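Notes follow the structure.
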Amino acid sequence: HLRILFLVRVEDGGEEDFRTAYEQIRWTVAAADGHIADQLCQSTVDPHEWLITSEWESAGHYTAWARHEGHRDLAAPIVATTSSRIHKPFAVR
Amino acid sequence: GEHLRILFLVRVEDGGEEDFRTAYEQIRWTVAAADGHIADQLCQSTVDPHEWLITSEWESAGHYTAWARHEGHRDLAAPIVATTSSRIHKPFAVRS
C-alpha cells in the first residue's frame, strides 16, 4: 500500500477556498480504483499548516488516478489557495 | 469532536531498522487499550529509505492529551527516541 502526504501552507483567510479545493479532489478519488481512504487535516500547533493524506492499494493505482483528465481545474485551485506544496510518498509497512 | 491524526516523522540510520521496528511494536502495546486510540500505521519513505513515518489516529485531541499527560508515557517515546537519529511530532485535527 501507498500512503501519500501532501503538506501545504494556507495563508490567512484561505480556509474556505482550500477546503473547497480539497472536496473537489476528494470527489474524484472516491471513485478511483484502488483508493482506500483520504483525509483533510489542519495542524493543531500552526494553523497555517494543513495535510491532505490518502492511502492506495498500490502506487500504480495512485498514478492512474493522477494521470486522469480534468486535473487542470483540480490543480489550479490548489495552487491558488496554498503558498507551499510538498508531496511525500510512503510504503505501508 | 474532530479526530486527531498524528504524524511522527523519523530518520533511522543504517543498521537500525530492526530495533526501530521493535520500538514501533513496543508503543503499539502501550496504546492498545488507551481511551480514544483508534489506529496506528508504520510507513517507510519510498524516496529516502532512512525516513519513516508512524501515524496514529485518536477520537479527539483531548483523548490523546490525557494519554500523553500521564506520567508513565515519556518512558515510551524513548524507545523511538533511542532508535532514531531525529524526530518531528506533528499533530493534526481531521477537518474532512
Residue tally, condition over 16 Å from A:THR81 (Cα atoms) and more than 10 Å from every other protein chain (Cβ to nearest Cβ), over region A:5-29: 3
If I filter region B:40-48 for residues that are free of Cβ contacts under 8 Å to residues at least 12 places away in the same chain, out of contact with any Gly (no Cβ under 7 Å at 6 or more places or on another chain), more than 22 Å from B:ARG11 (Cα to Cα) and among the small types (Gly, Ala, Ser), do I get at least one hit? no
Those residues of region B:19-30 which are out of contact with any helix residue (DSSP H, G or I) (no Cβ under 7 Å at 6 or more places or on another chain) and either surrounded by 17 or more Cβ atoms within 10 Å (Cβ to Cβ) or closer than 22 Å to B:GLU71 by Cβ (or both), in sequence order: B:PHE20, B:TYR24, B:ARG28, B:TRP29, B:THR30
Can you tell me which condition B:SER96 does not meet? The list is (1) surrounded by 14 or more Cβ atoms within 10 Å (Cβ to Cβ); (2) in contact with a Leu (Cβ under 7 Å, 6 or more places away or on another chain); (3) within 14 Å of chain A (Cβ to nearest Cβ), and all the others hold. (1)
For residues in region B:31-48 being surrounded by fewer than 18 Cβ atoms within 10 Å (Cβ to Cβ) and outside any strand (DSSP E or B), which is nearest to the other protein chains (Cβ to nearest Cβ)? B:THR46
Out of curiosity, is B:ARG5 surrounded by 13 or more Cβ atoms within 10 Å (Cβ to Cβ), charged (D, E, K, R) and assigned to a strand (DSSP E or B)? yes
Could you go through region B:79-86 and let me know if any residue there is under 30 Å from A:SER58 (Cα atoms), facing chain A (nearest Cβ under 10 Å) and either in contact (Cβ under 8 Å) with a residue 24 or more places away in the chain or crowded, with 16+ Cβ neighbours inside 10 Å (or both). no
Just the residues that are of a type outside the set (D, E, K, R) and part of a helix (DSSP H, G or I), please, taken from region B:15-30. B:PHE20, B:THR22, B:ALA23, B:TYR24, B:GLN26, B:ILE27, B:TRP29, B:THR30
Of the residues B:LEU7, B:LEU53, which single one is closer than 18 Å to A:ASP38 by Cα and touching a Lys or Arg at 6+ places or on another chain (Cβ under 6 Å)? B:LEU7
Which members of region B:68-92 meet the condition of being of a type in the set (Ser, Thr, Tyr) and assigned to a strand (DSSP E or B)? B:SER86
From the set of residues in region A:7-18 that are out of contact with any helix residue (DSSP H, G or I) (no Cβ under 9 Å at 6 or more places or on another chain) and not acidic (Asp, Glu), which is farthest from A:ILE78 (Cα to Cα)? A:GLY13
Can you confirm whether A:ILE52 is under 12 Å from the mean Cα position of the chain (by Cα), surrounded by 12 or more Cβ atoms within 10 Å (Cβ to Cβ) and within 12 Å of another protein chain (Cβ to nearest Cβ)? yes
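Only the coordinates and a few stated rules stand behind these numbers; no lab work does. Cβ sites come from the backbone with ideal geometry, for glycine too, and all protein chains shown count toward neighbours.
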